[PDB]
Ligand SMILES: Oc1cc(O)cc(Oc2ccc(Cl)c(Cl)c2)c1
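The chain below stands alone, shown as structure tokens; this is the form deposited without this ligand.
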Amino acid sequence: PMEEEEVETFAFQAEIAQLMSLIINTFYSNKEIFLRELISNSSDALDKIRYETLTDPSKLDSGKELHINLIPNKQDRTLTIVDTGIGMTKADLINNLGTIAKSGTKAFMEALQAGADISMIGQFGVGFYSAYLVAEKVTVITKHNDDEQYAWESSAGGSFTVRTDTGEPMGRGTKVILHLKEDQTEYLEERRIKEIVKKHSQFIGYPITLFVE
């Protein structure tokens, strides 16, 4: 009766672990930029699948619709962003997603401590980690047609877990669930969200829809 799943635990790279440590325990005013960065990565994934479908139309068999959906849940206190982009594989996650640190991140870390904002450091391609500005734990589900559906989740602390997702199949794309901090509950109202998206992400070449309960 009981289904026992395989799970795998990895550690964040030293500089990323330190990054998360600063990001969470440092006060930033312009944290609203997290939405811009996340939407950018989703739209990037949309670009990728878009270019894929040029040479391979069967990439759209998993879904023809290409847009981004934001689903805030007032009871869960979570902000879920789902896209129907190209998606990413297990290798992409562990090699080029939650481990994006490089020789040079050191200066960026010190910059943040010296009074830099997240907007500037995000340019280093660490904009994905901006989720911890508003959320304390983030779960990212993704599936690429050349691989299975995977479930990533981490509460920072230097470690993260990933496994094959036995949950609801997405077909293709990415699902990011931000578990927002109590002092960041304002980002569950459409009034906050639409204000930020219109301001920072109006020039997106892909449709955006907000599901408000």
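Numbering starts at 1 and follows the sequence shown.
Not pictured, yet referred to below: the form deposited with this ligand bound.
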Is the gap between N41 and this ligand in the bound PDB entry 4.5 Å or less for some heavy atom pair?
yes
Heavy atom of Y187 within 4.5 Å of this ligand in the bound PDB entry:
no
Does this ligand come within 4.5 Å of any heavy atom of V176 in the bound PDB entry?
yes
Is there any non-hydrogen atom of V134 lying within 4.5 Å of this ligand in the bound PDB entry?
no
Would this ligand be touched by all three of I33, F108 and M120 in the bound PDB entry, meaning a heavy atom each within 4.5 Å?
no
Could you tell me which of 164-172, 57-65, 42-50, 25-33 sits within 4.5 Å of this ligand in the bound PDB entry, going by non-hydrogen atoms?
42-50
Within 4.5 Å of this ligand in the bound PDB entry, counting any non-hydrogen atom, which residues from 128-151 show up?
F128, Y129, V140
